[PDB]
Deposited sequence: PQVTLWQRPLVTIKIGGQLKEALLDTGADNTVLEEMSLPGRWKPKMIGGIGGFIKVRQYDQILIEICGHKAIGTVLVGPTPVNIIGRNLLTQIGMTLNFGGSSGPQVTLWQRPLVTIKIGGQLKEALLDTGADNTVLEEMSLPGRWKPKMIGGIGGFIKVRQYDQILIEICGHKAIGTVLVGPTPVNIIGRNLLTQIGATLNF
């Protein structure tokens, strides 16, 4: 299965005897599931996203069958609004990002050029939008608000912005705000021909 990114990359997963839909998320280090019944021991953990932090129950060595491929690893359970499969499990199912091929044992970071400036950014199949840390951009913007796993942040929305992502040019909407990492989301990933393969 090669997966393009014009829509959210959702898969069916089977975990703890239950069927769920989950988001293949190259932008997430961890795997976080909405509140669900999981058996066994767990440890309290705290995880941050765009917007702040949530408390989660951490379960180790959990079997999960992702789109018909089995993996065992750590699953976090908490107040996430989308089930997300993060890199700790994506690597186990041989997931790659293609546009160069990119494995997922490390964060898929790329160099971008935008508004004359060079930045590092995360290729994030779990993000609908592109969000960049505070930076000087030219032109008008529109007040906007985006939600992450931790809640919401205020961003400035800039439309039809030119970005060169790993030497491929795209034009699209970029959001600017208090994100801790520069995020290249699906609105731009599609333009550089990014696919998810496993």
I have the full deposited sequence and the modelled structure. Can you tell me which residue ranges, counted from 1, have no C-alpha coordinates? 100-104
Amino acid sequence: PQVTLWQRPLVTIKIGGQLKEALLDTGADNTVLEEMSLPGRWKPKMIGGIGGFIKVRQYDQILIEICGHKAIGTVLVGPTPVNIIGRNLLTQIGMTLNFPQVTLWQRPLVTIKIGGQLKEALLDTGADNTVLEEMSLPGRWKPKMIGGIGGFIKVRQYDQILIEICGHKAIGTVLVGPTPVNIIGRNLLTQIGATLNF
From here on, numbers count along this sequence of modelled residues.
As the entry reports it, the stretch among 179-187 and 20-28 with higher mean C-alpha B factor is 179-187
Which wins on mean Cα temperature factor, 49-57 or 128-136? 49-57
Given 106, 101, 117, 88, identify the residue with the highest C-alpha B factor in the PDB entry. 101
Position of residue 96 among the chain's modelled residues by C-alpha B-factor, lowest, middle or highest third: middle
